[PDB]
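All ligand and atom numbering here is 1-based and tracks the order in the structure. Residue numbers run from 1 in the order of the sequence given. These values consider heavy atoms only, across backbone and side chains, with no hydrogens, waters or symmetry-generated copies.
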Amino acid sequence: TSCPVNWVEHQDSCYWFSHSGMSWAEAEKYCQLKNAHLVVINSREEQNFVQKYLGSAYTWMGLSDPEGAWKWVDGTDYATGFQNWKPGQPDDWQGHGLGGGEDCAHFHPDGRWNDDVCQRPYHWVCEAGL
Ligand SMILES: CC(=O)N[C@@H]1[C@@H](O)[C@@H](O)[C@@H](CO)O[C@@H]1O
Ligand SMILES: [Ca+2]
Ligand SMILES: [Ca+2]
Ligand SMILES: [Ca+2]
Ligand SMILES: [Ca+2]
Ligand SMILES: [Cl-]
Ligand SMILES: [Cl-]
Ligand SMILES: [Cl-]
Ligand SMILES: [Cl-]
Ligand SMILES: [Cl-]
């Protein structure tokens, strides 16, 4: 085993899928505590692997835009990288009325992405090197 117990190995990364929900900031903290990061989707092949094993619930990834531009937590370039947005997303929606727009990306159960309110308790995926 190249990955720790409770982690899944795929193509030179280890992944951990939560069975619980946290805000994006608390999930980011959790992953960093484990010497990992919220998942960064680098390719269609990795998107297919992650979406196949989602827990049938909205799930945070390591993609956010609170200071204006979309950034991956590990510095992977967003604009030249893989994208898989739901139709009409991202929309920085304000109409939830919770304050501000929407600055954190998550998967829908089908794998397509949405921007949502960072404070929402969603599932998350951690990713580390082998
Ligand atoms: C979970 C989900 O996709 N939520 C979105 C939300 O982020 C916003 O984009 C809204 C605009 O009408 O459409 C949906 O409710
Ligand atoms: Ca992180
Ligand atoms: Ca990755
Ligand atoms: Ca935004
Ligand atoms: Ca949205
Ligand atoms: Cl958990
Ligand atoms: Cl897209
Ligand atoms: Cl709006
Ligand atoms: Cl937000
Ligand atoms: Cl909520």
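For residues 17-70, every residue pair satisfying the disulfide bond (SG atoms under 2.5 Å apart) rule, not counting sequence neighbours, is listed here: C31-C126.
Among the candidates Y30, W60, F107, the single residue satisfying the ring pair (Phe, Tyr, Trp, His ring centres under 6.0 Å) test with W124 is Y30.
Around the Ca ion (ligand 3), protein N, O or S atoms at less than 3.0 Å comprise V40 O, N42 ND2, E46 OE1, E46 OE2, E127 OE1, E127 OE2.
Below 30°, between 30° and 60°, or above 60°: for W113 and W72 the angle between ring planes is above 60°, a perpendicular geometry. Note on ring orientation: taking the six-membered ring where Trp is involved, the planes of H10 and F49 are parallel (angle under 30°, cut-offs 30° and 60°).
Legend: residues meeting side chain to side chain contact (heavy atoms under 4.5 Å, CB included) with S43, ordered by chain and number and at least two apart, are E45, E46.
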Determine all donor-acceptor pairs shorter than 3.5 Å in which one atom belongs to a side chain in residues 77-84; sequence neighbours excluded.
| unit_1 | atom_1 | unit_2 | atom_2 | d |
| --- | --- | --- | --- | --- |
| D77 | OD2 | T80 | N | 3.1 |
| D77 | OD2 | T80 | OG1 | 2.7 |
| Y78 | OH | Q83 | OE1 | 3.4 |
| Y78 | OH | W85 | NE1 | 2.9 |
| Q83 | NE2 | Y78 | O | 3.1 |
| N84 | OD1 | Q47 | NE2 | 3.4 |

